[PDB]
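Visitor: Let me see the structure of the following:
(2 chains)
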Amino acid sequence: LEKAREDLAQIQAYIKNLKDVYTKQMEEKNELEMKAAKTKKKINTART
Amino acid sequence: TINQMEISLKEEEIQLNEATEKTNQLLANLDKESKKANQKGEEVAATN
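Guide: Numbering: from 1, shown residues only, chains lettered A, B, ... in the order given. Shown next is the protein structure:
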């Protein structure tokens, strides 16, 4: 029972690693989103 | 200026698409791993 519980777990540890990578990922992607905003309207107004 | 804001929008949009692809595929892999983890945890709870 203990051995099977430990084997099934490993998955949780890998999930936590992936979740931390995800953490840095959506922080950086939100920064890139706010940068990529404010220039679309700029190109539209520029070409108007 | 038009060329400048166009270039910034282009590079930031392609970087956004790359990061969003990264965010998406990780979620699918994590969902598969979570399904396997829950099924194996139910099996472990049974076995214990």
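
Visitor: now for the helix or strand harbouring residue B:28, which elements pack on it?
Guide: Using DSSP states H and E, residue B:28 falls within helix B:2-47. Counting contacts by 3 or more C-beta pairs under 8 Å, 6 or more residues apart in numbering or on different chains; DSSP states H and E, helix B:2-47 packs against helix A:2-9, helix A:11-36, helix A:40-47. (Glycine included, C-beta is placed from N, CA and C.)

Visitor: Roughly how far does residue A:37 sit from residue B:16?
Guide: 10 Å (C-beta to C-beta, to the nearest Å).

Visitor: Which one of these two is surrounded by more residues?
Guide: More crowded of residue A:37 and residue B:16, by other C-beta atoms under 10 Å in any protein chain shown: residue B:16, with 15 against 12.

Visitor: ok, now which ones touch that one?
Guide: A:29, A:32-33, A:36 (C-beta atoms under 8 Å, 6 or more residues apart in numbering or on different chains).

Visitor: List only buried entries from those residues.
Guide: Neighbour-count burial (16 or more other C-beta atoms under 10 Å in any protein chain shown) is assigned, among the contacts of residue B:16, to A:29, A:32, A:36.

Visitor: How about the residue in chain B positioned nearest to chain A, nearest residue that isn't a chain neighbour?
Guide: Using C-beta to the nearest C-beta, residue B:48 is the residue of chain B that sits closest to chain A, at 3.4 Å. Nearest non-adjacent residue to residue B:48, counting by C-beta to C-beta, 6 or more residues apart in numbering or on different chains: residue A:1, 3.4 Å away.

Visitor: Can you tell me which residues in chain A are near chain B?
Guide: A:1-2, A:4-5, A:7-8, A:11-12, A:14-15, A:18-19, A:21-22, A:25-26, A:28-29, A:32-33, A:35-36, A:39-40, A:42-43, A:46-47 (C-beta under 8 Å from any C-beta of the partner chain).
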